[PDB]
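Written out below as structure tokens is the structure these notes cover.
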Amino acid sequence: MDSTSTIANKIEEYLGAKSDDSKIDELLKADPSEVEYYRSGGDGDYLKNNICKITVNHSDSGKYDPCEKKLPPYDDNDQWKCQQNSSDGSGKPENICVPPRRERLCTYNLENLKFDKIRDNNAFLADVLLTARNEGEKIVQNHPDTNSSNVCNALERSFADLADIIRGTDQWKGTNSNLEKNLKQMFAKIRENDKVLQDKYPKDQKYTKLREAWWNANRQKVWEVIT
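The opening residue of the sequence shown carries number 1 in the authors' numbering; numbering runs sequentially from there.
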């Protein structure tokens, strides 16, 4: 009724839903529609034929590989992180059991982009989709639950965590310093060269403020691939 206000649970999607707002999405949201990716031997035709099994060869390789931290993701138990003890004292050392899940997103590959020819999100999409694809397959194939009403819920939460890491608003950082500054260098050189096609510049780059709209335009593909 007339006491409607904002707590952003049902009308954030009405006001701040930046998903398909800007009609620069023809370059802001990416369709992986070029041939022979970074140097690994991808094939865009193959990819649009079947996006559901994108492979590492459709992005950087040699140094890029899901679970690039060669430590297998799902090995650890008894972990918590929010406020105060001697483990990681600064920030969120150990007092809320964040699922080891977020401690083991298969983003370790995506943290370590160095190779070039990525002047466009069209190529910056493929690695994000590798992250989503691998994290989804590992969370669904490795899940101790009895396949009851938990599995795709956890998969969706991993989706959202990946979404906010690509928006950078995550306040857990592992090698993410490398990853976050990597967005300040890869997402930068796909955002520091697309000067003509946008209007919201502000320094340093408003990194979060634009990768928010980028991921907002790129809703469908990442969700589809992670599912």
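Beta carbons are placed, not taken as given, at the ideal position from N, Cα and C, and that holds for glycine.
Legend entry - Span of the alpha helix (DSSP H), counted from its first residue to its last, around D76: As a first step, residue 76 must be located in the sequence shown, where it is residue number 76. Neither: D76 is in no alpha helix (DSSP H) and is coded neither H nor E.
Legend entry - Cβ-Cβ separation, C97 to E135 (assumed contact under 8 Å), whole Å: Walking along the sequence shown from the start, residue 135 turns up at place 135. Walking along the sequence shown from the start, residue 97 turns up at place 97. That belief does not hold up - the Cβ atoms of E135 and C97 are roughly 19 Å apart, past 8 Å.
Legend entry - Whether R157 touches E212 by CB criterion (7 Å): Position 157 of the sequence shown, counting from 1, holds the residue named residue 157. Position 212 of the sequence shown, counting from 1, holds the residue named residue 212. No.
Legend entry - Rounded straight-line distance, which links the Cα of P72 to that of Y46: As a working mapping, residue 46 is identified with position 46 in the sequence shown. As a working mapping, residue 72 is identified with position 72 in the sequence shown. Rounded to whole angstroms, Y46 to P72 spans 29 Å at the Cα level.
Inset, instruction - Using the Cα positions of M186 and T131, report the straight-line distance between them to the nearest angstrom. - result: The residue labelled residue 186 in the question sits at position 186 within the sequence shown. The residue labelled residue 131 in the question sits at position 131 within the sequence shown. Straight through space, the alpha carbons of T131 and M186 are spaced by roughly 16 Å.
Inset, instruction - Would you verify that the beta carbon of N49 is, or is not, closer than 7 Å to some beta carbon of chain C? - result: As a matter of chain content, chain C is missing from the structure shown, which is built from one protein chain.
Legend entry - Sequence ranges, alpha helix (DSSP H) only - wholly within the region 192-222, length at least 4: As far as the region 192-222 is concerned, its whole alpha helix (DSSP H) runs of at least 4 residues are 207-217.
Inset, instruction - Kindly indicate which three-state DSSP category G42 falls into: helix, strand or coil? - result: Against the sequence shown, residue 42 aligns to sequence position 42. Residue state, collapsed to three classes: coil.
Legend entry - Any 3 or more C-beta pairs closer than 8 Å across the region 38-55 and the region 11-29: no
Legend entry - Neighbourhood of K92 by C-beta, 6 Å cutoff - its chain only, sequence neighbours within 5 removed: Counted from its first residue, the sequence shown places residue 92 at position 92. The residues are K81, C82.
Inset, instruction - Report buried or exposed for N178, applying the criterion of at least 16 other Cβ atoms within 10 angstroms of its Cβ. - result: By 1-based counting over the sequence shown, the position of residue 178 is 178. The residue in question, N178, is exposed, as its Cβ has fewer than 16 Cβ neighbours within 10 Å.
Legend entry - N153 and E34 closer than 7 Å at C-beta: Within the sequence shown, residue 153 is the residue found at index 153, counting from 1. Within the sequence shown, residue 34 is the residue found at index 34, counting from 1. In this structure, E34 does not lie closer than 7 Å to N153 by Cβ.
Legend entry - For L210 and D204, the rounded distance between their alpha carbons: Residue mapping note: residue 204 aligns to position 204 of the sequence shown, counting from 1. Residue mapping note: residue 210 aligns to position 210 of the sequence shown, counting from 1. Their Cα atoms are separated by approximately 11 Å.
Legend entry - Beta carbon of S59 nearer than 7 Å to that of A126: Here the question's residue 59 lines up with position 59 in the sequence shown. Here the question's residue 126 lines up with position 126 in the sequence shown. Cβ atoms of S59 and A126: closer than 7 Å.
Inset, instruction - Enumerate in chain order the residues of its own chain whose CB-to-CB distance from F115 is below 6 Å, with the five nearest sequence positions on each side excluded. - result: For the purposes of this step, residue 115 is taken as residue 115 along the sequence shown, with counting starting at 1. Closer than 6 Å at the Cβ level, and outside the excluded window around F115, lie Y38, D60.
Legend entry - C-alpha gap between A17 and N216, whole angstroms: Looking up residue 17 in the sequence shown gives position 17. Looking up residue 216 in the sequence shown gives position 216. Taking the straight line joining both Cα atoms gives about 8 Å.
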